[PDB]
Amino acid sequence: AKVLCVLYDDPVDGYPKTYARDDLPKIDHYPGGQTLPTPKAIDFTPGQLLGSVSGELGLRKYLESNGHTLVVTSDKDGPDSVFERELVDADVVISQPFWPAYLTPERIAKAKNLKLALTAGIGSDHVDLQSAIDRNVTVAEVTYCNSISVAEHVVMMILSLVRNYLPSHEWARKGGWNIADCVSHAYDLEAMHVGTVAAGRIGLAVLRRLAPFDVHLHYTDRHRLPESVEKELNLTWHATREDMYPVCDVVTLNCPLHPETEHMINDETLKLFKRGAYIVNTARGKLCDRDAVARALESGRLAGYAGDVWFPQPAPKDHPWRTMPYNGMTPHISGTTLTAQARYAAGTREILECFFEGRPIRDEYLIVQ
C-alpha cells in the first residue's frame, strides 16, 4: 500500500545530528491504566525528532521492507500541494494536529483508495468524520499520547505568568538586573484560586499537578469527577463556567471548539474575571476573542495570558498575542515534545501493524471503524 504522511518542517538549521540525551524515561501506563503504545518493534531511538519531514515517524524502513510506499511531505495546504496530489491513490493518511493534513469532504471524495486516516497525536478535528464513515475510512488516533505533555506545559505556563518569569528572564538575558522591575508584577502561586474548565485527561492531570502548590482548586465539566477524586484534591465544583470565573485567580481552558464555545472569552464575559486574573489556554485559540484578550492585558483586566493555541494557526507573524504584554505564548507545540513523539510514533506503527495484518485496532485508538 501507499502511505502518505504529512509532517512539519525540519528545524531551520537542519535535521538534528545529535540529541540532548540518550533515551527517555520508561513509562508503563497512562493515568487510568491504558498501556503505552505496543508495536511489535520500533526503528527509531526514543528521543529522536520524529514528527518533522526527516524523522518520518520512524516508518519508512518498516513500510518499505514490507512492500509499501511512504511519501512524506510538509506541503499540505490547498489544491496544488504534494499532499493533495498524492492523496488520490493513498491507502493510509497520517498527520499530526501540529501540522494537520485536512481530510475535507472534497478531499475524501478524491482519496479513491483511502482506507485509514490516522492522527499521529490526538483528535480528529482535521477529518470530516461523516465523510470518512460513508467511504468506509477507518479513523484512528494515538489516545492519551500527549495529555500529560500538555498539562505540564499548562502548569509551567501558570507558574511563569504568576511569577512574571518571562520578563524576568529577558532582564537577565539583556544584561540587566532590575529586581523591582522583575517583581513589581510577580506573585507566588501558593493558595491562589485556580479553576479548570473541563477535567478530562488534561484538566485532571493539571489539577493533580496544581494540588501540592496549595492552591484552591475549582472546576467545571459536562459531568463531575468521582466524589472520591473531588475529595482527594479538594475540588470545588461549579455548575457553570460563568459561576466559576469570578472566584478564580487563574483560569485554564480545556474546551473543544464549537460555535457556542467560540469567542466564549470576550470583552463582555471578561467582566466575570477577577481583576488581574491569569488565563491559560491550550485548548483552542478561538475560545478567547483575540483582540479582547490583548485589550484585557493592555488595561490590566488580566495579569497574564499564555497558551500554545492561536487563531488562525499557524499564527501570522503579526499576530497580536505574540507581543501583547504579559503573554507566555509558544507556537502550537505542547503535545509534540520529543517524548510525546516517541509515544505517537510507536502508536502509529502499532496501528499500522494491526491495520496491515487484518488485526483489529485497539478500541481506545479507533475513532471511527
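When you see a residue number, it is the position in the sequence shown, counting from 1.
Novice: Determine, for stretches 305-313 and 34-42, which one has the higher mean CA B-factor as deposited.
Specialist: Of 34-42 and 305-313, the stretch with the higher C-alpha B-factor average is 34-42.
Novice: If you average the CA temperature factors over each stretch, which comes out higher, 199-207 or 249-257?
Specialist: Between 199-207 and 249-257, it is 249-257.
Novice: Out of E190, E268, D181, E141, which shows the largest CA B-factor listed in the entry?
Specialist: Of the candidates given, the C-alpha B-factor peaks at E268.
Novice: Take the CA temperature factors straight from the PDB entry and tell me which of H153, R222, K174, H185 peaks.
Specialist: Highest C-alpha B-factor among the listed options: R222.
Novice: What third of the chain, by the recorded C-alpha B-factor, contains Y165?
Specialist: Ranked within chain, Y165 CA B lands in the lowest tercile.
Novice: Select lowest, middle or highest to describe the third in which the CA B-factor of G335 falls within its chain in this entry.
Specialist: Answer is lowest: the recorded C-alpha B-factor places it there.
Novice: Please place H319 in the lowest, middle or highest third of its chain by C-alpha B factor as given in the entry.
Specialist: Tercile = middle for this residue's CA B-factor.
Novice: Splitting the chain's C-alpha B-factors into thirds, which one does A345 fall into?
Specialist: CA B-factor rank for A345: lowest third.
Novice: Sorting by Cα B-factor within the chain, modelled residues only, which third would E357 end up in: lowest, middle or highest?
Specialist: Its C-alpha B-factor belongs to the highest third of this chain's values.
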